[PDB]
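Model the structure of this input:
(chains A, B, C, D, E, F, G, H and I, ligands or ions: 9)
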Amino acid sequence: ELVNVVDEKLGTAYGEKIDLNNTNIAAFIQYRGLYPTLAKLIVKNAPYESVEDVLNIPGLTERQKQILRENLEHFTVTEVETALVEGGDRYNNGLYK
Amino acid sequence: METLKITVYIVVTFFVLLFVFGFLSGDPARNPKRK
Amino acid sequence: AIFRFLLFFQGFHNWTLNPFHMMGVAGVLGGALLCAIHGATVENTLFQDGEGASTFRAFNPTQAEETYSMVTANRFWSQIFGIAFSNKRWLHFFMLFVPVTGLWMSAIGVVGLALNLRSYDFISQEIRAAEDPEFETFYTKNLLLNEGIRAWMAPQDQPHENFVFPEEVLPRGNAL
Amino acid sequence: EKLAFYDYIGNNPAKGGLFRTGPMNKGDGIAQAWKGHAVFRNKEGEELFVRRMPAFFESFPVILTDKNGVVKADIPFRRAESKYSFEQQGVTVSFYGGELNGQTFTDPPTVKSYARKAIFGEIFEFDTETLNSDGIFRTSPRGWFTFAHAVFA
Amino acid sequence: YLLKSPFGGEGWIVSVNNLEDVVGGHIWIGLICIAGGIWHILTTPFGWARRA
Amino acid sequence: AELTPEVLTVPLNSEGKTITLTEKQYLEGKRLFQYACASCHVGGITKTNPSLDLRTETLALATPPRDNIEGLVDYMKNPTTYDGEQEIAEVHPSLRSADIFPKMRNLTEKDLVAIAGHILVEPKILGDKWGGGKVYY
Amino acid sequence: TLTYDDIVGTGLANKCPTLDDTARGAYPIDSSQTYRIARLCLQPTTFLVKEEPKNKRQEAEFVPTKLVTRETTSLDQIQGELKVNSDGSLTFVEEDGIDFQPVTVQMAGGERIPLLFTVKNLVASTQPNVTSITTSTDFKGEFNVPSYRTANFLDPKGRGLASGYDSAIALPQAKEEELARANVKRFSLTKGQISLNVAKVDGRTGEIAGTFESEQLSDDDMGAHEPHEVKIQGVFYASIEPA
Amino acid sequence: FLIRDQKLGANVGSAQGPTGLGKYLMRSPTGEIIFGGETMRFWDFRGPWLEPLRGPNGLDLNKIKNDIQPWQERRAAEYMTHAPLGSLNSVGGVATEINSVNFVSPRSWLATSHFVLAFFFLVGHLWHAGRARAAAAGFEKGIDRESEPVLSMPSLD
Amino acid sequence: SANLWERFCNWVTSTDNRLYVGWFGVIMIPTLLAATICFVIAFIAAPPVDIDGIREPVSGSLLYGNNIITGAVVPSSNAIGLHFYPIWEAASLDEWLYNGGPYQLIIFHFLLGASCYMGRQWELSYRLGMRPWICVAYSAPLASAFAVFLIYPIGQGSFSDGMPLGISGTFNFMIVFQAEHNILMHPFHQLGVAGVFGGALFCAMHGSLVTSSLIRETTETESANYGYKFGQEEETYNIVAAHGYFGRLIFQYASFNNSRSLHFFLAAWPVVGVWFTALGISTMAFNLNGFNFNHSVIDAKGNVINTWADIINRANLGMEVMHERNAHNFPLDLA
Ligand code: CLA
Ligand code: CLA
Ligand code: CLA
Ligand code: CLA
Ligand SMILES: CC(C)=CCC/C(C)=C/CC/C(C)=C/CC/C(C)=C/CC/C(C)=C/CC/C(C)=C/CC/C(C)=C/CC/C(C)=C/CC/C(C)=C/CC1=CC(=O)C(C)=C(C)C1=O
Ligand SMILES: CCCCCCCCCCCCCCCC(=O)OC[C@H](COC1O[C@H](CS(=O)(=O)O)[C@@H](O)[C@H](O)[C@H]1O)OC(=O)CCCCCCCCCCCCCCC
Ligand SMILES: [Ca+2]
Ligand SMILES: [Cl-]
Ligand SMILES: [Fe+2]
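Residues are numbered from 1 along each chain as shown, chains lettered A, B, ... in the order given. Ligands and ions are numbered 1, 2, ... in the order given. Below is the structure:
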């Protein structure tokens, strides 16, 4: 049957926490020291099979790994949704103030 | 299509000439009195 | 405080699309034309009754002859517009009629907006827009402008309703 | 039933249009039965309430608040940052008395459908076939008589 | 420049985009202009110029 | 319903200590904020990057904390990214770059303190308006 | 070489470079030296739209169509590594570039057929054992064809997928089962086939040229109707370099 | 914004916007690469700050990708926040903006003042030319009650 | 033949033609026939136009689902901007109808001809020995078409922003305009409505005063109109009785007694007012908009105390935020 994949996504982890595989980059601005540098790495570094896999991004300085460990409770992960990832929508989904 | 351009151009020239050579033809003259 | 009355009527009653408001404007707009057009026709179709340039003084406050060539005016318009008056009695009655009829119509339209019996939509249009997502007219476009006017205004424009429209519920295009 | 029926915005003479001709039935359809009172609740059991549609509005948003008027749930336009989607809130709907009496619905779409309806007051069951209705409100005789006489006058 | 379209892209006079043309062009105007200044000093309108 | 000294009492540093501005500093900041900020930060938003605002909470989660006079002041001298992992004085007005952003040349430590005070005082008066955009106009 | 001004308005900007009749050589592959494509480029020449055989399945063919938009068709600046494979073959792997352009063509009837002519995520390959790139050294592979319109696009009535209305708000009390398809937006994602067959090599500068043929689906309009099958023929130009 | 988002890791060259046209870069009608968005109408703009990014085919994806200079980033920012939009009472921005930035581009002032003057002068022309032609032939004070020209012409009726 | 061309010029210029085809007419008659003929066909059968350059065709013709009220001829594409788009600039007509080519062919020929129409309103007055200036009254409505069809587009950078050629299409032009310029709050528009309201007002004043003070020469059961013969010597109404009544309604010195001063005012008012309205649109074409009193009155603490000016801003934001759904990709609307 017909369903709006996005309105359905809001009934899962996405919609409760920052989805490392879907949520748009700006979402990372709600936690201390994640935005610029890390959010780019997280998003840039494709999907994750589990939240911890983020701790594995190549190059992460020991401090970055520290920070990530701290905020894991605010992350989750769900199937990559095209409607939400296509168009480079994770770097700019047309929302501003 | 390159033709139509040509034609249109010709056509507009005609009228624009008819226009200049018109007021040139001593237009002030054409009127009721003093001329 | 009157401009919002205007914006409101667009947004809520889609008043501009009303047959009566249209007649209204056709009359006021058309009435402000007769005004201008007749005035100029007279001032530039005047007889010479003075030796000055400022022809204002050259007027006989005490009737007698027509101060402007009604006969010349007729021929002018009859050659530039194709149609032209030729009965000052009618030309002047017409001038009463046009704008008074216009305003009367614009009134009826509003007497109907009282009951909210507006001229908001065209059903055939809405039905096709529902089934077919690629059908777009300057009409559908407008209706969306109305939705925005209503959603973004209603709150501070109808305080007694204690409206609370969460940011996520507010209709908005992309980026803006 | 009769009583519940008067509590439906579709009988409000203030809804309608000048060229939306015919009986009120060519609009929402011939009323068949009262589906029942709809009570909306969210995961916490809290009972929510649907903000009704003021006659002035052709279209109105679905917003749900508790007793104190706090927005608890709604149907979002831009999902990008929705905090109250029926999904995120576990909104559910239950009915009492009427066709749907004793039943409950929890799949977002169905809940929202009814929420989308709550807006007009008591939810009813219409027969849209017969008159080939279009689902666009038309005014009552009370309304027409009033328009006609106010003009003639 | 004078033979340039006044529409999008080809912008006619307003499309001037470097000072050489500005300066250069003004050189031409100054001369062409004074030339006509002398010419009128030393003349009378022709025939059409008068019947027009 | 007035701008009491009670409202002009904003956090001075990270260790809780506060400072109290005066109706003169306030107005003065407000004027300076217009002179060198409104251009891009009108009403607490950020036109050339709408993702970061001047809401006190936003400044709280900044890195380092920029939700107090000391913070904002440092920032107006040596600007950084939200994680602080990168200096941006080259594309953001600051004292160390007044040659590039002249409007910042006059600005003296007295002025920087006022601008900073304004940013912490505005949301106190306007509230939600200050952070959000047209939605709140 | 010509400057921007030397091309502006000529339409020349929407044309992949060309090699002369001479350049029909062969480029060598070290197989021990990584190579990449500094610039792949695809220029459409024709867009054929396979016609639906009506109910009477009689086998349908592709038909020409008029390009209703303008000269905005070309894909350029494509780039990625051209890794050499164990069996001595080559597979190109695109990374980034102006890898897609929304095209719209009309038909016999007058029907506008919009498609998102693209080659996103190309994965072209050649014959096994290919020491040097000779004329006609077929490249074949698939790519992805994302929805024509993205998540945020709103229809004339405000309805959208990632945003917009939930239903036909213009018909407040209408039955909904019938409108289902047009209220619920779906985001289509599909695969495509393309083959770049060389015609001109030039081992000297390492720049090959040729013609391509690719097939893909057209816009299904947020899943409101079925997509049309499209075939696209044109020419291409690639810049191979060691790097 | 092409500059911003690019720093956040977005590939400007292949970004697809709502309509499927190209969030940051698209093509003009004759094939050249230009900025996307409503700004597609200004693809004829040339300027010191922006030229070094232009190639022989318009905006070059490589220069845009790693040759953008800071002075350009702040130039673009400066000019972005100083567009020629403002109100009569001098409140820079869009009609829905808030008071604070008192500014109205000199280019807006000049352009409007001179269109008004330019216009009224064209009326002035018509008016003084219309007077001169009637003055010459000599009737700019009225139709000769006696010899009324129209009255000597055949009826077209 | 006294000389063909000599003759031609005598015909063209002839004041004995049913319709005075003048010198200006030689340009008018053709341009106006093209504009009209292209329009009528467009409005009836033209196909959808990608007005906003975002490949989202807006069909505005009758045969494609429109009715008189909704239907219109849609503006050229935004992809086109201010570029000239003559038919010979398209690979095909199919391409030309899709990018809104008909729009330009129409606006340009119309504006061209409507000007000559002015040039003619002078010429005939000359050939007839009457004072000029009528054509100057017509400069106002023309100066508007110009402002709405050309100045605004030049100013805004695209013909796609010019007023559409249709009923609803016009309301669109208005509603959006208001949102981007807040025109109702601009002096020039106000002067515009004063002139239009006033005009209609005065049009009614004159009309009634005169018609009501007509000298009786008709039966009780005979059209009061017959009391006038085309080509009369004396006047048909008592302008002294008219002034007598009107002078008493308000007060004497506030009433006209000089028919010439009356009629000058009658023409001067609307024309002057519309001139300003046209200058308004031509001025807001460079973004010098109406007064912006948003958050002006604020209280003792700094709170914002709303005025009707603010309630107006909300209604404007609704328009801003919803127009051109899919055309924007960035924060500020600078186009
Ligand atoms: C082309 C543009 C256009 C035009 C020509 C019109 C024209 C008209 N409009 Mg429409 N309108 C438009 C666009 C337009 N509108 C748009 C885009 C909208 C938004 C949807 C509206 C919304 C709108 C509304 C909401 C209303 C109109 C109304 C009207 C009509 C009446 C105006 C009037 O005469 O008041 C004249 C005013 C009076 C009430 C007369 C009595 C006043 C006394 C005599 C004055 C006493 C003066 C005193 C001596 C002075 C002291 C004052 C002091 C300050 C000095 C008129 C036909 C009105 C209407 O139709 O009402 C029936 C109306 O209510 N319009
Ligand atoms: C601005 C100051 C100026 C002025 C007021 C005059 C005025 C005059 N000149 Mg002089 N002239 C000037 C400068 C000036 N001139 C200069 C600088 C030169 C040197 C180049 C000349 C050279 C000159 C010559 C050689 C002649 C005159 C003549 C005349 C007289 C009649 C002109 C005529 O009938 O034109 C009306 C002309 C037409 C019928 C042609 C209309 C076609 C035009 C050119 C093109 C369409 C215009 C378009 C709207 C503009 C767009 C721009 C275009 C580049 C695309 C008139 C008194 C004539 C005369 O009688 O001499 C004593 C004559 O023969 N002039
Ligand atoms: C009254 C006459 C008239 C006029 C003034 C116009 C004017 C116009 N037409 Mg229309 N047209 C007309 C009649 C007219 N048309 C008729 C009757 C038809 C039906 C056949 C058309 C069909 C038509 C089409 C199909 C199109 C136009 C278009 C246009 C516009 C642009 C054309 C152009 O680029 O011209 C530029 C032309 C010139 C540069 C020449 C001007 C002439 C100069 C002053 C002469 C120079 C002198 C020359 C050297 C003399 C030779 C030497 C001599 C001694 C012998 C323009 C507004 C186009 C449009 O709408 O685009 C948006 C378009 O596509 N027209
Ligand atoms: C209750 C009646 C009423 C009144 C008194 C006004 C009055 C006014 N309107 Mg509003 N208007 C009304 C209803 C009314 N409107 C309605 C129902 C609508 C539709 C919703 C509008 C829509 C509207 C618009 C869209 C606009 C106005 C504007 C105006 C102003 C100028 C109008 C004008 O030039 O008219 C033309 C008529 C005349 C030439 C008459 C002149 C008479 C004036 C009022 C002075 C009379 C003199 C005064 C009494 C002093 C004499 C004392 C002396 C003897 C000692 C004016 C203050 C304009 C504005 O805002 O500008 C500031 C404007 O743009 N009105
Ligand atoms: C392909 C297709 C189908 C095309 C469709 C195109 C399209 C969209 C068009 C739709 C048009 C449409 C339906 C619009 C609706 C508008 C409409 C009909 C409004 C309703 C009108 C109505 C009944 C309402 C009542 C209000 C009313 C009475 C207003 C009427 C106004 C009116 C007719 C005024 C006319 C003014 C006018 C131009 C006349 C000038 C007369 C004239 C030549 C005088 C000159 C003159 C001056 C002198 O001084 C003297 C001395 C003389 C001698 C003299 O002569
Ligand atoms: C690309 C180029 C195309 C070219 C086409 C070819 C040339 C022209 C062919 C004309 C054939 C049709 C005849 C039309 C007759 C007529 O009007 O009445 C005939 C009268 C009688 O005059 C007259 O007729 C006289 C003879 S008779 O009486 O008809 O025998 C004759 O001797 C006298 O000189 C003459 O003026 O015509 C006139 O008064 C002269 C002017 C004509 C006006 C033209 C029309 C205007 C259009 C304006 C634009 C409006 C826009 C659209 C809105 C609807
Ligand atoms: Ca088909
Ligand atoms: Cl719109
Ligand atoms: Fe009169």
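
How about the contacts made by the closest residue to residue A:67 other than its chain neighbours?
Excluding the flanking residues, the one nearest residue A:67 by CB to CB, 6 or more residues apart in numbering or on different chains is residue A:33, at 5.5 Å. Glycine gets a C-beta too; all of them are placed from N, C-alpha and C. The contact partners of residue A:33, by CB atoms under 8 Å, 6 or more residues apart in numbering or on different chains, come to A:67, F:63, F:82, F:83, F:84, F:85.

Next to chain C, which bits of chain H? Give me the list.
H:18, H:139-145, H:148-151, H:153, H:156 (CB under 8 Å from any CB of the partner chain).

10 Å - rerun?
Where chain H comes near chain C, counting by CB under 10 Å from any CB of the partner chain, the residues are H:1, H:17-19, H:37-38, H:94, H:96, H:130-131, H:134-135, H:139-146, H:148-151, H:153, H:155-157.

Strands - which of the contacts of residue A:33 land there?
Using DSSP state E, no member of these falls within strands.

For the residues you listed, give me a markdown table that also has neighbour count.
Listed next are the contacts of residue A:33 as a markdown table, based on neighbours: other CB atoms under 10 Å in any protein chain shown:
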| residue | neighbour count |
| --- | --- |
| A:67 | 18 |
| F:63 | 17 |
| F:82 | 23 |
| F:83 | 21 |
| F:84 | 17 |
| F:85 | 16 |
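
Among the residues you listed, which pair sits farthest apart?
A:67 and F:82 (12.7 Å; CB to CB).

Give the residues shared as contacts by the two.
Common neighbours of residue A:67 and residue F:82, using CB atoms under 10 Å, 6 or more residues apart in numbering or on different chains, are A:32, A:33, A:34, A:37, F:63.

Residue 32: how many residues sit nearby?
Answering for chain A, as no chain was given. A count of neighbours around residue A:32, defined by other CB atoms under 10 Å in any protein chain shown, yields 16.

sorry, should have said chain F
When neighbours are defined as other CB under 10 Å, residue F:32 has 22 of them.

For the residue in chain D positioned nearest to chain F, give me its contacts.
Chain D approaches chain F most closely through residue D:78 (11.4 Å), counting by CB to the nearest CB. Counting by CB under 10 Å, 6+ apart, residue D:78 touches A:93-95, C:167-174, G:152, G:160, G:162-164.

quick one: it from residue A:94, how far?
Counting by CB to CB, to the nearest Å, the gap from residue D:78 to residue A:94 is 9 Å.

Find residues that contact each of these two.
In terms of CB under 10 Å, 6+ apart, residue D:78 and residue A:94 are both contacted by the residues C:172, C:173, C:174, G:152, G:162, G:163.

Output those in TSV; the columns should cover secondary structure.
TSV is the format used below for the shared contacts of residue D:78 and residue A:94 (DSSP: H, G, I helix; E, B strand; the rest coil):
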residue	secondary structure
C:172	coil
C:173	coil
C:174	coil
G:152	coil
G:162	coil
G:163	coil
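
would CSV of those residues with neighbour count be doable?
Shown next, in CSV, are those (neighbours: other CB under 10 Å):
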residue, neighbour count
C:172, 25
C:173, 25
C:174, 26
G:152, 27
G:162, 28
G:163, 28
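
could you pull out the strands for the chain?
I went with chain A, as the question did not name one. Going by DSSP E, chain A shows strands at A:18-19, A:75-76.

actually it's chain H I care about, not the one you picked
Taking DSSP E as the criterion, chain H carries its strands at H:25-27, H:33-35, H:86-87.
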